[PDB]
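Alright, here's a single protein chain in two forms, structure 1 and structure 2, each given by itself as structure tokens.
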Structure 1
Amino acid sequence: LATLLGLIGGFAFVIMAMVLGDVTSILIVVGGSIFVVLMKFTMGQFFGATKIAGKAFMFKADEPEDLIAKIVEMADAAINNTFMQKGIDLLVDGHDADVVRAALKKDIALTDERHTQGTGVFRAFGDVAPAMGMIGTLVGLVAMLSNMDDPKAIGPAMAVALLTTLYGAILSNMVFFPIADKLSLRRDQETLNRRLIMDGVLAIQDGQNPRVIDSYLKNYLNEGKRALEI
């Protein structure tokens, strides 16, 4: 049934996209939304949020099970993952446990803040899109009423103005808000992965027993949204 749900969701997104595309009506909505958003976020912050969203949509997060397998491999011994490699280098160069904990917690908080900022930017976009669609619709109505010449053109031109409103909704509920929700999900996934990596690195550095730390990692896997999958 997973394939059926994926196909129906993709088909709904596709039909909404062809309803979206037409060029000017979306342009008004996006221009107004961008203008209002840039009063709260700088241009650099907006591009950072767009980069975070692109990374979260194109690339996939590392599975926690493979992370556990690698962690136990290194624990029994004594990596493509960037955070894992950084932690390994920090612990192998020679440092106290407190320094490693501080560095890893700082990186975790940095990633959490970046994903929260991206979520905030896209939620602001979702909040402000329908208002701008409505403003464009009202401007179109004013133009249509001040250029009222043919009854046969009352219908179609009206439908053009209302089109702007539609786009706002189609952008608010199906583009920006889903992107923010996906960013929140990616934040949760990356926080779980980095917390697992930090715990494993501390266990390896502190020479803890592999069995108890493995059980600890399973306990970490058996919480959050992941509870529904067990």
Structure 2
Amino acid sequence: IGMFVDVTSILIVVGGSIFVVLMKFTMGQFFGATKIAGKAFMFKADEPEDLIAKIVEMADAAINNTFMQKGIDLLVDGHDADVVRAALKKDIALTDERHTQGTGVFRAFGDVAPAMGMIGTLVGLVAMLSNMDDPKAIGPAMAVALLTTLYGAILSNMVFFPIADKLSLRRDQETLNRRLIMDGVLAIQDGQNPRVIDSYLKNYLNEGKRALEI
């Protein structure tokens, strides 16, 4: 309805939050974080079981995930095992830090939005009180301030914080899959049989968050 839309209020909230976040993050970092969130929302993380099946299917022969694609490309390049381990660990740590800082950006947005909503409703209350002769026509003048507060609360609780939590969850899943792929490529380079590695691979799948599934 038109009683829940206000250009000035959304301008105050979004402009204040953006200005405060830009104090601690460059614009390129913010765009990178938004790209991270979009990729983590639109694309689904590959199942670890599917990755294990693909690894054990490709082990005896000697493609969807780009990490294993770069792993097999480097294996064809025939680098030393130390080089493989270093490159894979560096990529995993880079992805981990990238997701962590995306989460930090979105948590900063979520923590800043309600304070800006409170500033906006303070401005609305001052504007209402400066134009009151009798306490009769102060309905919408309060509704706009409460609208600013509601915008702040909604953006903080249902838009930015859920994105940060989803980013953390996606970081955990990506770390798990990256570790599985790294172990698989190490085993393939070693040349061991497909079955022996699967004996110890599945012990730690249900780590931390997944501990509740069993």
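Residue 1 is the first residue of structure 1, and the numbers go on in sequence order from there. Rigid core: the largest C-alpha set superposing within 1.5 Å between the two forms.
With the core superposed, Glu113 shows a C-alpha displacement below 2 Å between structures 1 and 2. Superposition on the rigid core between structures 1 and 2 places the CA atom of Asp149 2 Å or more away from its counterpart. Core-based superposition between structures 1 and 2 puts the Cα shift at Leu91 at 1.3 Å. Here the two forms are laid over each other by their core, and the C-alpha of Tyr220 is off by 3.0 Å between structures 1 and 2. Shown is the Cα shift of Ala131 between structures 1 and 2 after rigid core superposition, which amounts to 0.3 Å.
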